[PDB]
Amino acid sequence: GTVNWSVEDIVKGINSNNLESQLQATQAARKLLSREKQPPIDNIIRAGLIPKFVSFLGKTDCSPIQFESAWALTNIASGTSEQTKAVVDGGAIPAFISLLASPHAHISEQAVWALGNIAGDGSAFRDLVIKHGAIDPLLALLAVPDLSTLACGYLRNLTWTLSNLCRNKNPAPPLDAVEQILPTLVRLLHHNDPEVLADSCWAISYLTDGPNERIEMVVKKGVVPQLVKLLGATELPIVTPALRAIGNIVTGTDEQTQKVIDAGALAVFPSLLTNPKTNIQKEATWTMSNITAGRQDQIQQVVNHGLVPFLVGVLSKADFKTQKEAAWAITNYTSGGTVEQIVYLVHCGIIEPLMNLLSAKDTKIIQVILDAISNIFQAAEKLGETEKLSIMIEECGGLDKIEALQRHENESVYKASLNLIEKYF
């Protein structure tokens, strides 16, 4: 009935003075913009229909046209920043925030969806949606004794829109808004729907990606144990944002990193550091590098959980970026660790892969590996076993690497290599 309409017919129907003809034309526009294959968003915009849809959003007497217009504008705001800006310029933000209070659940759901698309464009439209006062009705939609009584799709769309209101930086979301949203985020983080859990973990990862003050706002709510529990989840869509948030949290203070450790996160890294997905391995190794850059008792906790063998393994075989993160972890371990801990590191078989990685075409990992080498040699000097070490490095073909690096382009590279071969070989 309203399928395969032309934009000219849609315009002719919406420009009529017949609410039913306008409704049919708006539904035709919705069906047109709901097509997976090249929806004619720009044609609809050029036609000048966004203002008419935004006006229809306010016709409470005709809820069907409200729903159809919300759907159409949602799909126009789902595209480019210019198309989302066209939606916003029509005055759709306050209209959607008003629709949030609709007695019809499908209309309020579509308004949540549209506002999520608008806030996901970037920090500017996000903060504008917040200034128009969307957070209060959004959270009110979730003010129920048990979230399980809400419809699955409804709760998922609300969780995702809230995640987008926590998303993007430069600037990060307003502090008062984050404080307003966090308790509902904790509630959702304790929900049982994997989609809700994944979106809530993404929201927490967004909120934790920044200065230690934001990380502290998050950690004070006590979500770290639940983040670790979800880190042990089987659904990768959940593990990814959980690991991202844990890593973000360990980028901060030693006390926040210790909060992460106390929740039992390390017990999960034996799997994360051998995870078949390369992104998970890289994120876990980067988190491990930021943990090895912490206090000595935290390095000792890393040792106790048997994670040094896993770092050795990742260094021996893994995607090169994960190997670079592992080299950073090793250098931090050797820079902040004790002599006993560095001796343990050597006894775990770090030297051979550390040497083998010195033949890479990335100067930075070369510098990192050479710095770790120097630290291990210093710890050996404190024991008088420098010679034994030197012999190990020679036996695995490392001295050849350092000598060939003496003739390298970068300055600090050949400087450190020459220092090594002069002071120990």
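Start at 1 with the first residue shown and count on from there.
Stretches compared: 382 to 390, 30 to 38. Higher mean C-alpha B-factor in the entry: 382 to 390. Look at the C-alpha B-factors of 336 to 344 and of 75 to 83. On average they run higher in 336 to 344. Annotation for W328: C-alpha temperature factor in the highest third relative to the rest of the modelled chain, per the entry. Ranked against the other modelled residues of its chain, the C-alpha B-factor of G397 as given in the entry falls in the highest third. Among the modelled residues of its chain, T161 has a C-alpha B-factor that falls in the lowest third according to the deposited record. Ranked by Cα temperature factor within the chain, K317 sits in the middle third according to the deposited record. Annotation for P225: C-alpha temperature factor in the lowest third relative to the rest of the modelled chain, per the entry.
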